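Trainee: Please see the structure below; I have some questions.
Don't worry about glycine lacking a Cβ; one is built from the backbone with ideal geometry, like all the others, and counts go over all protein chains shown. Each reported figure results from applying straightforward, stated rules to the coordinates on display, with no laboratory input.
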Amino acid sequence: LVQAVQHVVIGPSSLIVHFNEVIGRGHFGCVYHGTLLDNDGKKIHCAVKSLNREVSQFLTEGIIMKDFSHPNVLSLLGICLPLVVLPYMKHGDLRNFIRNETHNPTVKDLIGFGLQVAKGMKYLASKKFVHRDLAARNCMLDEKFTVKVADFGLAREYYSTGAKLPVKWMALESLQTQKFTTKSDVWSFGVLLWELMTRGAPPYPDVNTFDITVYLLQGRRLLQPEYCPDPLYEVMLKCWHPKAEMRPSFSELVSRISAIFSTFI
Ligand SMILES: COc1cc2c(Oc3ccc(NC(=O)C4(C(=O)Nc5ccc(F)cc5)CC4)cc3F)ccnc2cc1OCCCN1CCOCC1
Ligand SMILES: [Cl-]
């Protein structure tokens with residue numbers, strides 16, 4: 001842990017945290033605007049993730065990130081003895097971007113964001129990593145409109161054994177056994193595409209949190225969104241297959257969505 005922290009350790013001298021500017025705050029964590037300095041003295045706008053007051057939990061979260069080098073996965077700039085330094089994402093979380101009525105992305109752009117999460121998840125599934133909390137709320141969007149798959153971790157109504165669970169994003173086997181696999185990230189990815197094609201509408205509004213397991217066993221799935229092309233809805237239904245082995249891999253997801261995306265001007 002600390003041998004790895006020391007590899008990505010940032011000097012307090014190199015980082016200025018703007019405590020006067022909070023991008024957001026939860027009970028466990030807080031996110032500030034920040035300026036990171038390189039050896040040439042150039043300034044890097046960043047986000048400083050801090051604990052309000054479980055210290056090793058925070059540092060493990062940031063240490064897992066050090067292994068992730070992909071354009072569709074959020075990177076760690078470093079740890080400062082503690083504060084976790086992340087690259088600043090000009091557009092915030094994906095759900096909030098798509099939910100803005102004045103933003104007008106085309107059906108192709110929304111599919112394009114869906115292909116980006118799929119590419120990132122492919123890379124993660126390759127590294128044997130299981131996300132556990134895939135949702136549009138945990139996908140970041142940078143200046144060049146590049147989706148970065150992330151997790152607000154400690155800094156994170158959509159969540160209900162101490163388990164704080166995102167039940168509406170969860171696979172049948174995960175809701176019934178609290179065990180997660182890459183195949184269960186595929187289910188959540190299906191819910192993520194539904195979210196994108198509805199432009200941040202809440203999944204299963206009419207449905208309660210706890211009751212979601214019996215809703216699904218009745219043979220119910222999210223309806224086809226209005227912007228959603230038919231082949232893309234077929235993809236979503238493959239993600240929500242009750243048996244895990246029948247769900248498309250993320251590699252097949254990149255494939256099928258690349259072919260749907262490529263049919264638009
Ligand atoms: C809420 O708004 C923002 C939040 C940001 C942010 O938050 C975090 C995201 C993820 C982590 N993750 C983590 O700390 C970890 C993680 O992500 N691990 C992880 C896990 C799996 C994976 F695949 C990749 C990474 C837990 C360690 C930590 C963060 F602090 C990081 C960087 N830039 C941000 C910009 C934001 O708005 C910009 C301003 C937008 N304005 C425009 C409109 O007006 C008002 C809003
Ligand atoms: Cl159809």
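Trainee: Please work out which residue is farthest from ligand 2 (Cβ to nearest atom), limiting yourself to the range 131-165 and to residues that are of a type outside the set (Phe, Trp, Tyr), more than 17 Å from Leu86 (Cβ to Cβ) and more than 12 Å from the chain's Cα centre (by Cα).
Mentor: In this case the residue turns out to be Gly162.
Trainee: Okay, next question. Within the range 63-98, take every residue that is polar (S, T, N, Q) and surrounded by 14 or more Cβ atoms within 10 Å (Cβ to Cβ) and give me the one that is nearest to ligand 2 (Cβ to nearest atom).
Mentor: My answer is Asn72.
Trainee: Here's something else I'd like to know. Among all residue pairs at least 6 apart or on different chains, which show Cβ distances below 6 Å where the first residue, located in the range 210-227, is over 16 Å from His241 (Cα atoms) and the second is more than 16 Å from ligand 1 (Cβ to nearest atom)?
Mentor: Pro225/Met197; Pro225/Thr198; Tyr227/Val107; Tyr227/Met197
Trainee: I'd like to check which helices (runs of 4 or more DSSP H) are fully inside the range 190-265 and have at least 2 residues that are crowded, with 18+ Cβ neighbours inside 10 Å and within 16 Å of ligand 1 (Cβ to nearest atom).
Mentor: Hits in the range 190-265: 250-261.
Trainee: Ok, one more. Being assigned to a helix (DSSP H, G or I) and either among the acidic types (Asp, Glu) or within 10 Å of ligand 1 (Cβ to nearest atom) (or both) is the filter here; which residues of the range 63-97 pass it?
Mentor: Across the range 63-97, the qualifying residues are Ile63, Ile64, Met65, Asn96, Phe97.
Trainee: Being part of a loop (DSSP other than H, G, I, E, B) and within 13 Å of ligand 1 (Cβ to nearest atom) is the filter; apply it to the range 135-179 and report the residue that is surrounded by the most Cβ atoms within 10 Å (Cβ to Cβ).
Mentor: Filtering first and then ranking leaves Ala135.
Trainee: Can you tell me which condition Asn100 does not meet? The list is (1) in contact with a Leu (Cβ under 9 Å, 6 or more places away or on another chain); (2) near ligand 1 (Cβ under 9 Å from one of its atoms); (3) polar (S, T, N, Q), and all the others hold.
Mentor: Looking at each condition in turn, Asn100 falls short on (1).
Trainee: Considering only the range 204-245, how many residues are away from ligand 2 (no atom under 16 Å from the Cβ) and among the acidic types (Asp, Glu)?
Mentor: Of the residues in the range 204-245, 3 are away from ligand 2 (no atom under 16 Å from the Cβ) and among the acidic types (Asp, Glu).
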